[PDB]
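Engineer: The following block contains the structure, expressed as structure tokens.
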Amino acid sequence: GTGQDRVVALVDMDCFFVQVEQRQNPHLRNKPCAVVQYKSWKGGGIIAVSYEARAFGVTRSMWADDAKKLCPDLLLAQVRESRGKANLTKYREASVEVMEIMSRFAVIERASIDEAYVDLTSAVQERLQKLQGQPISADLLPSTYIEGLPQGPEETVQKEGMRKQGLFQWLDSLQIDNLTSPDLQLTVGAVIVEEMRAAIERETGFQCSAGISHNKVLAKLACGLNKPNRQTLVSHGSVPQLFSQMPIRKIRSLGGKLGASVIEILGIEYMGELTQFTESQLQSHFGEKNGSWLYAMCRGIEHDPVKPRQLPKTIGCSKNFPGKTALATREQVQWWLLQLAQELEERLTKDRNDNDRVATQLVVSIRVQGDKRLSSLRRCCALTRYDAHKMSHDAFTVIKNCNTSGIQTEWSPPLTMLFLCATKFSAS
DNA sequence: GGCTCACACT
DNA sequence: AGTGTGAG
Ligand SMILES: Nc1ccn([C@H]2C[C@H](O)[C@@H](COP(=O)(O)NP(=O)(O)OP(=O)(O)O)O2)c(=O)n1
Ligand SMILES: [Mg+2]
Ligand SMILES: [Mg+2]
């Protein structure tokens with residue numbers, strides 16, 4: 001309960017969608033490159049950006065036309081379009097390539113299309129018994145940064161010189177004859193993550209970064225400290241200095257309104273300033289669960305488990321119809337429900353063959369023009385047959401009384417979003 | 001900005 | 001069963 005019981009890693013692919021396209025098209029490699037969807041509006045919306053393009057200021061959610069003003073040589077790859085919508089199939093398949101490799105090492109929790117947490121606690125005990133008392137060379141950690149090192153009293157004017165000196169200070173001081181030390185466990189964790197990152201790159205051509213620490217939140221934070229193509233070890237001891245200047249919003253789950261209340265109500269900026277408040281005081285402001293979570297977390301302690309889940313629990317297809325393009329006829333709503341239902345059907349049949357399960361509930365969601373909320377409305381029905389016409393007709397049946405227009409041909413208010421989601425999966 | 005996913009709350 | 005937050 002100093003939050004040092006587990007070794008947890010978070011592995012995240014570098015500029016993932018870009019790398020998928022660069023692997024396929026060698027002309028894009030080692031260049032300023034972005035991935036875009038819907039090429040016809042302002043050149044497309046950027047969804048992923050190479051490190052070479054980031055150095056010109058190009059970011060996610062820029063329009064390509066705009067990104068081209070910062071980087072005129074920027075190269076683009078377009079997301080596949082099918083039935084009038086962006087289709088992410090090539091990136092989900094590439095994801096499967098990566099997840100299957102990691103799952104050879106340990107139990108993973110698929111956290112996104114491009115990252116997974118790894119509980120390495122057992123793999124570490126077993127690796128610590130294999131090298132009996134035998135030390136750990138820097139050569140086993142060729143890409144690892146030890147966060148908060150080097151410290152104290154040429155080389156270190158270069159990034160690779162600092163990395164090494166810190167690693168050397170860390171290793172020089174490790175107590176290897178003691179198999180229970182949390183720091184030693186982390187070190188062996190990092191060795192394993194080197195091997196995992198090497199296998200990923202060898203087997204896929206994709207580079208990634210990772211964090212190694214005692215829990216998910218720290219592992220995720222660590223990962224991003226030395227992107228791209230590097231891994232970062234955040235020990236329990238590094239936490240006070242690390243947290244002392246770490247904006248609250250950088251910690252996973254605190255990037256939104258909760259994080260903002262924490263800052264506003266308590267009158268603080270940094271994760272470390274949370275240590276001054278009693279658990280009861282945090283619970284008073286933020287509730288029993290969040291207050292307890294904050295109190296532990298600001299001291300580097302979190303217990304959320306790496307869940308044994310490699311598969312998504314829901315399979316969704318959605319499309320926005322912004323501004324003037326909002327859907328305004330019954331016929332038009334039906335046609336799009338059908339396009340969504342067809343893609344979903346293909347994805348479900350594949351899921352059923354691959355993963356030996358079937359979805360049993362269909363969720364329909366919409367947004368009406370005028371609504372401020374991402375969803376105006378969710379309704380659900382039975383999913384008894386992977387049949388796109390049935391699924392489309394059922395989703396229409398379920399929403400059609402949201403229609404204010406008595407003309408019945410027309411649809412009001414116009415719809416700015418449709419979403420179909422298969423959920424409540426059972427084995428078969 | 002657009003297409004996804006997970007989960008807490010009621 | 002339905003809504004809202006947070007992430008990637
Ligand atoms: N808002 C977002 C964030 C991510 N994505 C997709 C595209 C990203 O390549 C992929 C993984 O997201 P990410 O890990 O947050 N960023 P990415 O892998 O591109 O770069 P780094 O992790 O190297 O920064 O999810 C998206 O489509 N919309
Ligand atoms: Mg990534
Ligand atoms: Mg990611």
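Letters A, B, ... go to the chains of the structure tokens in the order shown; residues in each chain start at 1; ligands are counted from 1 in the same order.
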Enumerate residues in contact with ligand 3: an atom-to-atom distance of at most 6 Å, counting only C-alpha atoms (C1' of nucleotides) and all ligand atoms. Format the result as a PyMOL selection string.
Structural biologist: (chain A and resi 12+114-115) or (chain C and resi 8)
Engineer: Produce a file of the selected residues containing N, CA, C and O atoms (P, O5', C5', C4', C3', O3' and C1' of nucleotides), as a PDB file, in the first residue's frame.
Structural biologist:
ATOM      1  N   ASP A  12       2.151   2.385 -26.210  1.00  0.00           N
ATOM      2  CA  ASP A  12       1.441   3.169 -27.199  1.00  0.00           C
ATOM      3  C   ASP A  12       2.164   3.423 -28.524  1.00  0.00           C
ATOM      4  O   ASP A  12       3.273   3.976 -28.554  1.00  0.00           O
ATOM      5  N   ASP A 114      -4.589   1.876 -30.351  1.00  0.00           N
ATOM      6  CA  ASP A 114      -3.132   1.850 -30.451  1.00  0.00           C
ATOM      7  C   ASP A 114      -2.362   1.689 -29.144  1.00  0.00           C
ATOM      8  O   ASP A 114      -1.147   1.959 -29.133  1.00  0.00           O
ATOM      9  N   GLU A 115      -3.034   1.256 -28.075  1.00  0.00           N
ATOM     10  CA  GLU A 115      -2.366   1.017 -26.825  1.00  0.00           C
ATOM     11  C   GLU A 115      -3.046  -0.022 -25.941  1.00  0.00           C
ATOM     12  O   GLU A 115      -4.272  -0.226 -26.006  1.00  0.00           O
TER      13      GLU A 115
ATOM     14  P    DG C   8      -5.881   8.586 -22.870  1.00  0.00           P
ATOM     15  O5'  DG C   8      -6.074   8.346 -24.439  1.00  0.00           O
ATOM     16  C5'  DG C   8      -6.454   7.048 -24.962  1.00  0.00           C
ATOM     17  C4'  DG C   8      -6.646   7.056 -26.466  1.00  0.00           C
ATOM     18  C3'  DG C   8      -5.577   7.770 -27.302  1.00  0.00           C
ATOM     19  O3'  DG C   8      -4.854   6.833 -28.128  1.00  0.00           O
ATOM     20  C1'  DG C   8      -7.778   8.166 -28.138  1.00  0.00           C
TER      21       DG C   8
END
Engineer: What's around residue 6 (chain C) at 9 Å? Count only C-alpha atoms (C1' of nucleotides), leave out sequence neighbours fewer than 2 positions away in its own chain, and write the answer as a PyMOL selection string.
Structural biologist: (chain A and resi 252-256) or (chain B and resi 6)
Engineer: Grab the residues selected above and save them as an mmCIF file, in the first residue's frame with N, CA, C and O atoms (P, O5', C5', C4', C3', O3' and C1' of nucleotides).
Structural biologist:
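What follows is the written file selection06.cif:
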data_model
loop_
_atom_site.group_PDB
_atom_site.id
_atom_site.type_symbol
_atom_site.label_atom_id
_atom_site.label_comp_id
_atom_site.auth_asym_id
_atom_site.auth_seq_id
_atom_site.Cartn_x
_atom_site.Cartn_y
_atom_site.Cartn_z
ATOM 1 N N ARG A 252 -4.499 10.953 -16.356
ATOM 2 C CA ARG A 252 -5.633 10.299 -17.001
ATOM 3 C C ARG A 252 -6.903 10.383 -16.082
ATOM 4 O O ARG A 252 -6.814 10.048 -14.875
ATOM 5 N N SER A 253 -7.991 10.894 -16.682
ATOM 6 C CA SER A 253 -9.380 11.098 -16.102
ATOM 7 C C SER A 253 -9.563 12.488 -15.567
ATOM 8 O O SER A 253 -10.685 12.901 -15.271
ATOM 9 N N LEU A 254 -8.472 13.244 -15.464
ATOM 10 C CA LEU A 254 -8.569 14.626 -14.972
ATOM 11 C C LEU A 254 -8.448 15.707 -16.044
ATOM 12 O O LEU A 254 -8.275 16.917 -15.723
ATOM 13 N N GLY A 255 -8.419 15.304 -17.324
ATOM 14 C CA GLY A 255 -8.368 16.267 -18.429
ATOM 15 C C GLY A 255 -9.664 17.064 -18.664
ATOM 16 O O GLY A 255 -9.683 17.925 -19.500
ATOM 17 N N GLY A 256 -10.759 16.797 -17.928
ATOM 18 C CA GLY A 256 -12.056 17.405 -18.284
ATOM 19 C C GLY A 256 -12.566 18.221 -17.134
ATOM 20 O O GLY A 256 -11.755 18.854 -16.438
ATOM 21 P P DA B 6 -15.323 -0.846 -25.520
ATOM 22 O "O5'" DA B 6 -14.908 0.011 -24.234
ATOM 23 C "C5'" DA B 6 -13.549 0.294 -23.851
ATOM 24 C "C4'" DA B 6 -13.583 0.986 -22.508
ATOM 25 C "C3'" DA B 6 -14.569 0.326 -21.536
ATOM 26 O "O3'" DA B 6 -13.950 0.141 -20.269
ATOM 27 C "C1'" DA B 6 -15.167 2.608 -21.894
#
Engineer: Please identify every residue of chain B that has at least one atom no more than 9 Å from any atom of chain A, counting only C-alpha atoms (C1' of nucleotides), and report them as a PyMOL selection string.
Structural biologist: chain B and resi 1-6
Engineer: Can those selected residues be exported to a file as an mmCIF file, in the first residue's frame so that it contains N, CA, C and O atoms (P, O5', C5', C4', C3', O3' and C1' of nucleotides)?
Structural biologist:
data_model
loop_
_atom_site.group_PDB
_atom_site.id
_atom_site.type_symbol
_atom_site.label_atom_id
_atom_site.label_comp_id
_atom_site.auth_asym_id
_atom_site.auth_seq_id
_atom_site.Cartn_x
_atom_site.Cartn_y
_atom_site.Cartn_z
ATOM 1 P P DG B 1 -16.371 20.547 -32.556
ATOM 2 O "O5'" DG B 1 -16.724 20.860 -34.081
ATOM 3 C "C5'" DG B 1 -16.803 19.815 -35.075
ATOM 4 C "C4'" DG B 1 -15.827 20.064 -36.203
ATOM 5 C "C3'" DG B 1 -15.578 18.860 -37.108
ATOM 6 O "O3'" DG B 1 -16.571 18.723 -38.132
ATOM 7 C "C1'" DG B 1 -13.502 19.713 -36.400
ATOM 8 P P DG B 2 -17.597 17.481 -38.069
ATOM 9 O "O5'" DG B 2 -16.650 16.206 -38.039
ATOM 10 C "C5'" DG B 2 -15.955 15.743 -39.209
ATOM 11 C "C4'" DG B 2 -15.658 14.269 -39.057
ATOM 12 C "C3'" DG B 2 -16.851 13.449 -38.568
ATOM 13 O "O3'" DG B 2 -16.762 12.196 -39.222
ATOM 14 C "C1'" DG B 2 -15.117 13.219 -37.047
ATOM 15 P P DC B 3 -17.921 11.123 -39.111
ATOM 16 O "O5'" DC B 3 -17.207 9.890 -38.361
ATOM 17 C "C5'" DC B 3 -16.167 9.141 -39.043
ATOM 18 C "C4'" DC B 3 -15.516 8.053 -38.222
ATOM 19 C "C3'" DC B 3 -16.484 7.064 -37.571
ATOM 20 O "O3'" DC B 3 -15.896 5.769 -37.410
ATOM 21 C "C1'" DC B 3 -15.253 8.129 -35.900
ATOM 22 P P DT B 4 -16.811 4.453 -37.254
ATOM 23 O "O5'" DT B 4 -17.182 4.315 -35.715
ATOM 24 C "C5'" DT B 4 -16.607 5.064 -34.639
ATOM 25 C "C4'" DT B 4 -15.372 4.447 -34.036
ATOM 26 C "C3'" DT B 4 -15.650 3.452 -32.918
ATOM 27 O "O3'" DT B 4 -14.812 2.305 -32.975
ATOM 28 C "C1'" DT B 4 -14.687 5.480 -32.027
ATOM 29 P P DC B 5 -15.304 0.967 -32.337
ATOM 30 O "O5'" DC B 5 -15.284 1.308 -30.782
ATOM 31 C "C5'" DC B 5 -14.537 0.525 -29.878
ATOM 32 C "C4'" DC B 5 -14.287 1.234 -28.564
ATOM 33 C "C3'" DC B 5 -15.257 0.803 -27.471
ATOM 34 O "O3'" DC B 5 -14.569 -0.118 -26.651
ATOM 35 C "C1'" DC B 5 -14.706 3.133 -27.347
ATOM 36 P P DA B 6 -15.323 -0.846 -25.520
ATOM 37 O "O5'" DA B 6 -14.908 0.011 -24.234
ATOM 38 C "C5'" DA B 6 -13.549 0.294 -23.851
ATOM 39 C "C4'" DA B 6 -13.583 0.986 -22.508
ATOM 40 C "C3'" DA B 6 -14.569 0.326 -21.536
ATOM 41 O "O3'" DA B 6 -13.950 0.141 -20.269
ATOM 42 C "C1'" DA B 6 -15.167 2.608 -21.894
#
Engineer: Please provide the set of residues having any atom within 10 Å of residue 225 (chain A), restricted to only C-alpha atoms (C1' of nucleotides), with same-chain residues fewer than 6 positions apart removed, written as a PyMOL selection string.
Structural biologist: chain A and resi 145+147+209-211+231-234
Engineer: Dump C-alpha atoms for the selected residues as a compact mmCIF listing (two decimals), in the first residue's frame?
Structural biologist:
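Ended up saving to selection_11.txt:
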# COMPACT_ATOMS: atom_id res chain seq x y z
CA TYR A 145 14.83 6.66 -19.67
CA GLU A 147 12.49 9.59 -14.98
CA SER A 209 6.84 4.01 -26.79
CA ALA A 210 6.02 2.68 -23.32
CA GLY A 211 5.80 3.62 -19.72
CA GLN A 231 10.35 3.92 -22.98
CA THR A 232 10.21 5.52 -19.60
CA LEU A 233 10.54 4.09 -16.12
CA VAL A 234 8.66 6.05 -13.41
Engineer: For ligand 2, list the contacting residues at 12 Å or closer, counting only C-alpha atoms (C1' of nucleotides) and all ligand atoms, as a PDB file with N, CA, C and O atoms (P, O5', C5', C4', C3', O3' and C1' of nucleotides), in the first residue's frame.
Structural biologist:
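Final output, selection_10.pdb:
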ATOM      1  N   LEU A  10       2.395   0.534 -20.023  1.00  0.00           N
ATOM      2  CA  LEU A  10       1.476   1.025 -21.047  1.00  0.00           C
ATOM      3  C   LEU A  10       2.322   1.200 -22.297  1.00  0.00           C
ATOM      4  O   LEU A  10       3.329   1.954 -22.254  1.00  0.00           O
ATOM      5  N   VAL A  11       1.941   0.452 -23.364  1.00  0.00           N
ATOM      6  CA  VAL A  11       2.580   0.530 -24.667  1.00  0.00           C
ATOM      7  C   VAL A  11       1.656   1.281 -25.622  1.00  0.00           C
ATOM      8  O   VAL A  11       0.546   0.875 -25.812  1.00  0.00           O
ATOM      9  N   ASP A  12       2.151   2.385 -26.210  1.00  0.00           N
ATOM     10  CA  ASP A  12       1.441   3.169 -27.199  1.00  0.00           C
ATOM     11  C   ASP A  12       2.164   3.423 -28.524  1.00  0.00           C
ATOM     12  O   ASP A  12       3.273   3.976 -28.554  1.00  0.00           O
ATOM     13  N   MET A  13       1.517   3.066 -29.639  1.00  0.00           N
ATOM     14  CA  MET A  13       2.153   3.156 -30.918  1.00  0.00           C
ATOM     15  C   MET A  13       2.412   4.636 -31.233  1.00  0.00           C
ATOM     16  O   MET A  13       1.607   5.515 -30.924  1.00  0.00           O
ATOM     17  N   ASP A  14       3.559   4.882 -31.840  1.00  0.00           N
ATOM     18  CA  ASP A  14       3.927   6.223 -32.301  1.00  0.00           C
ATOM     19  C   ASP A  14       3.122   6.546 -33.564  1.00  0.00           C
ATOM     20  O   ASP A  14       3.015   5.667 -34.490  1.00  0.00           O
ATOM     21  N   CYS A  15       2.585   7.784 -33.586  1.00  0.00           N
ATOM     22  CA  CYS A  15       1.777   8.354 -34.676  1.00  0.00           C
ATOM     23  C   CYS A  15       1.059   7.266 -35.490  1.00  0.00           C
ATOM     24  O   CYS A  15       1.343   7.028 -36.672  1.00  0.00           O
ATOM     25  N   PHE A  16       0.260   6.493 -34.791  1.00  0.00           N
ATOM     26  CA  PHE A  16      -0.106   5.142 -35.306  1.00  0.00           C
ATOM     27  C   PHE A  16      -0.684   5.091 -36.714  1.00  0.00           C
ATOM     28  O   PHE A  16      -0.194   4.308 -37.549  1.00  0.00           O
ATOM     29  N   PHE A  17      -1.718   5.882 -37.033  1.00  0.00           N
ATOM     30  CA  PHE A  17      -2.319   5.763 -38.327  1.00  0.00           C
ATOM     31  C   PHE A  17      -1.268   6.165 -39.391  1.00  0.00           C
ATOM     32  O   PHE A  17      -1.226   5.582 -40.452  1.00  0.00           O
ATOM     33  N   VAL A  18      -0.417   7.142 -39.108  1.00  0.00           N
ATOM     34  CA  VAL A  18       0.625   7.520 -40.038  1.00  0.00           C
ATOM     35  C   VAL A  18       1.570   6.321 -40.352  1.00  0.00           C
ATOM     36  O   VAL A  18       1.908   6.022 -41.560  1.00  0.00           O
ATOM     37  N   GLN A  19       1.983   5.608 -39.297  1.00  0.00           N
ATOM     38  CA  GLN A  19       2.874   4.486 -39.491  1.00  0.00           C
ATOM     39  C   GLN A  19       2.234   3.383 -40.301  1.00  0.00           C
ATOM     40  O   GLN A  19       2.910   2.746 -41.136  1.00  0.00           O
ATOM     41  N   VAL A  20       0.939   3.122 -40.069  1.00  0.00           N
ATOM     42  CA  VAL A  20       0.243   2.127 -40.884  1.00  0.00           C
ATOM     43  C   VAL A  20       0.337   2.477 -42.415  1.00  0.00           C
ATOM     44  O   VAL A  20       0.620   1.650 -43.265  1.00  0.00           O
ATOM     45  N   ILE A  47      -6.321  13.399 -38.802  1.00  0.00           N
ATOM     46  CA  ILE A  47      -6.439  12.603 -37.550  1.00  0.00           C
ATOM     47  C   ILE A  47      -5.147  12.035 -36.970  1.00  0.00           C
ATOM     48  O   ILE A  47      -5.087  11.644 -35.795  1.00  0.00           O
ATOM     49  N   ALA A  48      -4.074  12.048 -37.722  1.00  0.00           N
ATOM     50  CA  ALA A  48      -2.758  11.638 -37.150  1.00  0.00           C
ATOM     51  C   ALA A  48      -1.628  12.363 -37.871  1.00  0.00           C
ATOM     52  O   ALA A  48      -1.737  12.606 -39.062  1.00  0.00           O
ATOM     53  N   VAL A  49      -0.534  12.653 -37.165  1.00  0.00           N
ATOM     54  CA  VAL A  49       0.526  13.508 -37.701  1.00  0.00           C
ATOM     55  C   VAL A  49       1.889  12.898 -37.376  1.00  0.00           C
ATOM     56  O   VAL A  49       2.145  12.548 -36.257  1.00  0.00           O
ATOM     57  N   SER A  50       2.764  12.771 -38.370  1.00  0.00           N
ATOM     58  CA  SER A  50       4.142  12.290 -38.176  1.00  0.00           C
ATOM     59  C   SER A  50       4.927  13.320 -37.290  1.00  0.00           C
ATOM     60  O   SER A  50       4.630  14.496 -37.284  1.00  0.00           O
ATOM     61  N   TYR A  51       5.925  12.829 -36.613  1.00  0.00           N
ATOM     62  CA  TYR A  51       6.837  13.677 -35.800  1.00  0.00           C
ATOM     63  C   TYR A  51       7.559  14.712 -36.690  1.00  0.00           C
ATOM     64  O   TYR A  51       7.725  15.887 -36.285  1.00  0.00           O
ATOM     65  N   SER A  95      -3.919  -2.841 -35.671  1.00  0.00           N
ATOM     66  CA  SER A  95      -4.020  -2.926 -34.197  1.00  0.00           C
ATOM     67  C   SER A  95      -3.957  -4.377 -33.727  1.00  0.00           C
ATOM     68  O   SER A  95      -3.234  -4.736 -32.766  1.00  0.00           O
ATOM     69  N   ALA A 111      -6.593  -0.821 -24.449  1.00  0.00           N
ATOM     70  CA  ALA A 111      -7.144   0.457 -23.980  1.00  0.00           C
ATOM     71  C   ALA A 111      -7.584   1.386 -25.066  1.00  0.00           C
ATOM     72  O   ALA A 111      -8.253   2.348 -24.784  1.00  0.00           O
ATOM     73  N   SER A 112      -7.074   1.195 -26.273  1.00  0.00           N
ATOM     74  CA  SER A 112      -7.473   1.968 -27.426  1.00  0.00           C
ATOM     75  C   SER A 112      -7.052   1.181 -28.663  1.00  0.00           C
ATOM     76  O   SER A 112      -6.488   0.106 -28.554  1.00  0.00           O
ATOM     77  N   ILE A 113      -7.336   1.714 -29.839  1.00  0.00           N
ATOM     78  CA  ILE A 113      -6.830   1.103 -31.061  1.00  0.00           C
ATOM     79  C   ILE A 113      -5.320   1.002 -31.100  1.00  0.00           C
ATOM     80  O   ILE A 113      -4.808   0.120 -31.831  1.00  0.00           O
ATOM     81  N   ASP A 114      -4.589   1.876 -30.351  1.00  0.00           N
ATOM     82  CA  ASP A 114      -3.132   1.850 -30.451  1.00  0.00           C
ATOM     83  C   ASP A 114      -2.362   1.689 -29.144  1.00  0.00           C
ATOM     84  O   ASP A 114      -1.147   1.959 -29.133  1.00  0.00           O
ATOM     85  N   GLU A 115      -3.034   1.256 -28.075  1.00  0.00           N
ATOM     86  CA  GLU A 115      -2.366   1.017 -26.825  1.00  0.00           C
ATOM     87  C   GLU A 115      -3.046  -0.022 -25.941  1.00  0.00           C
ATOM     88  O   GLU A 115      -4.272  -0.226 -26.006  1.00  0.00           O
ATOM     89  N   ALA A 116      -2.206  -0.600 -25.096  1.00  0.00           N
ATOM     90  CA  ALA A 116      -2.551  -1.687 -24.210  1.00  0.00           C
ATOM     91  C   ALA A 116      -1.733  -1.569 -22.931  1.00  0.00           C
ATOM     92  O   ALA A 116      -0.566  -1.216 -22.972  1.00  0.00           O
ATOM     93  N   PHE A 206       6.314  -1.417 -36.988  1.00  0.00           N
ATOM     94  CA  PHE A 206       5.764  -0.250 -36.249  1.00  0.00           C
ATOM     95  C   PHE A 206       6.614  -0.020 -35.032  1.00  0.00           C
ATOM     96  O   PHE A 206       6.975  -0.976 -34.378  1.00  0.00           O
ATOM     97  N   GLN A 207       7.004   1.244 -34.830  1.00  0.00           N
ATOM     98  CA  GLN A 207       7.615   1.755 -33.588  1.00  0.00           C
ATOM     99  C   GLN A 207       6.565   2.245 -32.553  1.00  0.00           C
ATOM    100  O   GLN A 207       5.429   2.698 -32.918  1.00  0.00           O
ATOM    101  N   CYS A 208       6.894   2.069 -31.294  1.00  0.00           N
ATOM    102  CA  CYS A 208       6.093   2.544 -30.169  1.00  0.00           C
ATOM    103  C   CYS A 208       6.952   2.983 -29.026  1.00  0.00           C
ATOM    104  O   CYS A 208       8.179   2.747 -29.006  1.00  0.00           O
ATOM    105  N   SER A 209       6.282   3.567 -28.047  1.00  0.00           N
ATOM    106  CA  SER A 209       6.837   4.014 -26.795  1.00  0.00           C
ATOM    107  C   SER A 209       6.129   3.259 -25.689  1.00  0.00           C
ATOM    108  O   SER A 209       5.048   2.701 -25.938  1.00  0.00           O
ATOM    109  N   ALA A 210       6.703   3.237 -24.495  1.00  0.00           N
ATOM    110  CA  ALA A 210       6.023   2.684 -23.325  1.00  0.00           C
ATOM    111  C   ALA A 210       6.417   3.367 -22.064  1.00  0.00           C
ATOM    112  O   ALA A 210       7.482   3.980 -21.976  1.00  0.00           O
ATOM    113  N   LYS A 220       0.867   5.218 -18.098  1.00  0.00           N
ATOM    114  CA  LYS A 220       0.401   6.096 -19.192  1.00  0.00           C
ATOM    115  C   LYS A 220       1.142   7.453 -19.186  1.00  0.00           C
ATOM    116  O   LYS A 220       1.633   7.893 -20.193  1.00  0.00           O
ATOM    117  N   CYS A 223       4.816   6.947 -20.379  1.00  0.00           N
ATOM    118  CA  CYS A 223       4.909   6.663 -21.817  1.00  0.00           C
ATOM    119  C   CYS A 223       5.134   7.928 -22.643  1.00  0.00           C
ATOM    120  O   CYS A 223       6.026   8.017 -23.535  1.00  0.00           O
ATOM    121  N   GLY A 224       4.342   8.919 -22.339  1.00  0.00           N
ATOM    122  CA  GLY A 224       4.401  10.147 -23.082  1.00  0.00           C
ATOM    123  C   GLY A 224       5.587  11.016 -22.713  1.00  0.00           C
ATOM    124  O   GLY A 224       5.784  12.017 -23.354  1.00  0.00           O
ATOM    125  N   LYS A 227       8.376  10.121 -25.854  1.00  0.00           N
ATOM    126  CA  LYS A 227       7.980   9.793 -27.224  1.00  0.00           C
ATOM    127  C   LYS A 227       8.819  10.557 -28.202  1.00  0.00           C
ATOM    128  O   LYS A 227       9.108  11.655 -27.957  1.00  0.00           O
ATOM    129  N   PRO A 228       9.113  10.018 -29.381  1.00  0.00           N
ATOM    130  CA  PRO A 228       8.716   8.750 -29.962  1.00  0.00           C
ATOM    131  C   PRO A 228       9.822   7.725 -29.743  1.00  0.00           C
ATOM    132  O   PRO A 228      10.932   8.084 -29.438  1.00  0.00           O
ATOM    133  N   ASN A 229       9.482   6.452 -29.881  1.00  0.00           N
ATOM    134  CA  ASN A 229      10.421   5.363 -29.921  1.00  0.00           C
ATOM    135  C   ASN A 229      11.358   5.156 -28.752  1.00  0.00           C
ATOM    136  O   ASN A 229      12.518   4.823 -28.974  1.00  0.00           O
TER     137      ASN A 229
ATOM    138  P    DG C   8      -5.881   8.586 -22.870  1.00  0.00           P
ATOM    139  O5'  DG C   8      -6.074   8.346 -24.439  1.00  0.00           O
ATOM    140  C5'  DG C   8      -6.454   7.048 -24.962  1.00  0.00           C
ATOM    141  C4'  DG C   8      -6.646   7.056 -26.466  1.00  0.00           C
ATOM    142  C3'  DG C   8      -5.577   7.770 -27.302  1.00  0.00           C
ATOM    143  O3'  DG C   8      -4.854   6.833 -28.128  1.00  0.00           O
ATOM    144  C1'  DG C   8      -7.778   8.166 -28.138  1.00  0.00           C
TER     145       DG C   8
END
Engineer: Give me every strand (DSSP E) residue in region 94-156 of chain A, going by DSSP on the backbone, as a list in words.
Structural biologist: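 After running DSSP on the backbone, region 94-156 of chain A has strand (DSSP E) at residues 108, 109, 110, 111, 112, 115, 116, 117, 118, 119, 144, 145 and 146 of chain A.
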Engineer: Please measure the separation of CA of residue 79 (chain A) and CA of residue 338 (chain A), giving the value in Å to one decimal.
Structural biologist: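 Going from CA of residue 79 (chain A) over to CA of residue 338 (chain A) covers 21.0 Å.
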Engineer: Among region 191-407 of chain A, which ones does DSSP place in alpha helix (DSSP H), written as a VMD selection string?
Structural biologist: chain A and resid 191 to 204 216 to 223 239 to 244 257 to 266 279 to 286 288 to 297 330 to 355 388 to 399
Engineer: Compile the contact shell of residue 278 (chain A) as a PyMOL selection string: residues with an atom at most 10 Å away, counting only C-alpha atoms (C1' of nucleotides), same-chain residues fewer than 3 positions apart removed.
Structural biologist: chain A and resi 274-275+281-284+291-292+295
Engineer: What lies within 10 Å of residue 106 (chain A) using only C-alpha atoms (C1' of nucleotides), ignoring chain neighbours under 4 positions off, as a ChimeraX atom specification?
Structural biologist: /A:101-102,117-123,308
Engineer: What's around residue 303 (chain A) at 8 Å? Count only C-alpha atoms (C1' of nucleotides), leave out sequence neighbours fewer than 2 positions away in its own chain, and write the answer as a ChimeraX atom specification.
Structural biologist: /A:3,215,301,305
Engineer: Any idea what the distance is between CA of residue 355 (chain A) and CA of residue 342 (chain A)?
Structural biologist: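 For CA of residue 355 (chain A) relative to CA of residue 342 (chain A), the distance reads 19.6 Å.
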Engineer: To one decimal place in Å, what is the distance between CA of residue 109 (chain A) and CA of residue 306 (chain A)?
Structural biologist: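 Between these atoms lies a distance of 5.7 Å.
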